[PDB]
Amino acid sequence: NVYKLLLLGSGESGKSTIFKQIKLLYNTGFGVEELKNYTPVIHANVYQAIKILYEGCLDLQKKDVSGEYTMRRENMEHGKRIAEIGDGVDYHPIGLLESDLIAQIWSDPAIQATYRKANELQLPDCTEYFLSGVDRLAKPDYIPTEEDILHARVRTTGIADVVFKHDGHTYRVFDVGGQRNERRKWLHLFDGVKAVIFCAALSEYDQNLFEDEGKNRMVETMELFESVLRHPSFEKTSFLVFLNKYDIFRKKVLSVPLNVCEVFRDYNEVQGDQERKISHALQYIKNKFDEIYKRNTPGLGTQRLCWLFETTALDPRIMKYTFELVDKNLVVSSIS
């Protein structure tokens, strides 16, 4: 008797990172042979970040010849060759000469100005983590760490599942892609679900979708949440909402106000120290998700539960705490 969990949310909300985190905490885990199979993915992510930075820099220079966005002509050439390696079908791991050029691109001031506009780009979140550590990833004896695996970015396009045990209870969690094209595939997974883990990126409120750059990422997340809550298969199904990327949110909400996002235009920032500002904004986002849940659950908590958790999917301590909080909530609530 196996309780089925279903990871849902829009693209890059964090579902696969949570999926790996579950493998790390409740099973083994990785997996040195399978860790090495992530080297090509990590290299691909690096090549893709340089490509998007280099192309975005060139476009930002077209709009503005200040020129805050004009690269050193040397790094303009290096940026072109490195991006053409990524686009090639050949193979080409990142060796020492590659890492030296990538590092040199990443250090150009125009690239860092472009990187400060990552929200206007479609830049993988792991960009700064991997580019800063490009020399380590280029060594011939390099084995990815478990931290590397959690940062590595693979756009999910199939169904994956893993079973795990805690207490005497068996679980099977399913991972599926969240980009628009992959959502046809959700419908047949909707049966026999004991709980939906709905991932929602807190840090996305100043970004537009990869599938449609006219659509705010967070508006899409909230419409998507409402559309899942309104599906008949989930009428009496529990929702655990992971308000993920809390680490990124902490930095962003201090520098980009929430009102940049159309669903947060009524936000009124309080004054105080960094943590009262962070805390107040998070409570405000939580209330908004709560409102969507209440609007769509006539019998509220006697129909289905909806618990909200701020999370950082990369961080095992925060994840271990988050899952223990779930069990602590179930014990106090007398729910089985």
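From 1 onward, residues are counted along the sequence shown.
Colleague: Comparing 27-35 with 298-306, where is the mean C-alpha B-factor higher?
Modeller: The stretch with the larger average C-alpha B-factor is 27-35.
Colleague: Looking at the entry, does 274-282 or 41-49 show the higher mean C-alpha B-factor?
Modeller: According to the PDB entry, the answer is 274-282.
Colleague: From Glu223, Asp175, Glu128, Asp135, pick the one with the largest CA B-factor in the entry?
Modeller: Reading the PDB entry, the winner on C-alpha B-factor is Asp135.
Colleague: Just to confirm, going by the entry's C-alpha B-factors, which of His169, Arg217, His151, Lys236 comes out highest?
Modeller: Answer for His169, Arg217, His151, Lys236: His169, with the highest C-alpha B-factor.
Colleague: When the deposited Cα B-factors of this chain's modelled residues are ordered and cut into thirds, is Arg250 in the lowest, the middle or the highest one?
Modeller: Highest third of the chain for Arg250's C-alpha B-factor.
Colleague: For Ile85, return the chain-relative third of its C-alpha B-factor as stated in the PDB record: lowest, middle or highest.
Modeller: Highest third - that is where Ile85 ends up once the chain's C-alpha B-factors are sorted.
Colleague: What third of the chain, by the recorded C-alpha B-factor, contains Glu55?
Modeller: Within its chain, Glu55 is a middle-third residue by C-alpha B-factor, going by the deposited values.
Colleague: Once the chain's modelled residues are ordered by C-alpha B factor and cut into thirds, is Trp106 in the lowest, middle or highest one?
Modeller: It falls in the middle third of the chain.
Colleague: Lowest, middle or highest third of the chain for the C-alpha temperature factor of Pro124?
Modeller: As the PDB entry reports it, the C-alpha B-factor of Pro124 lands in the highest third of its chain.
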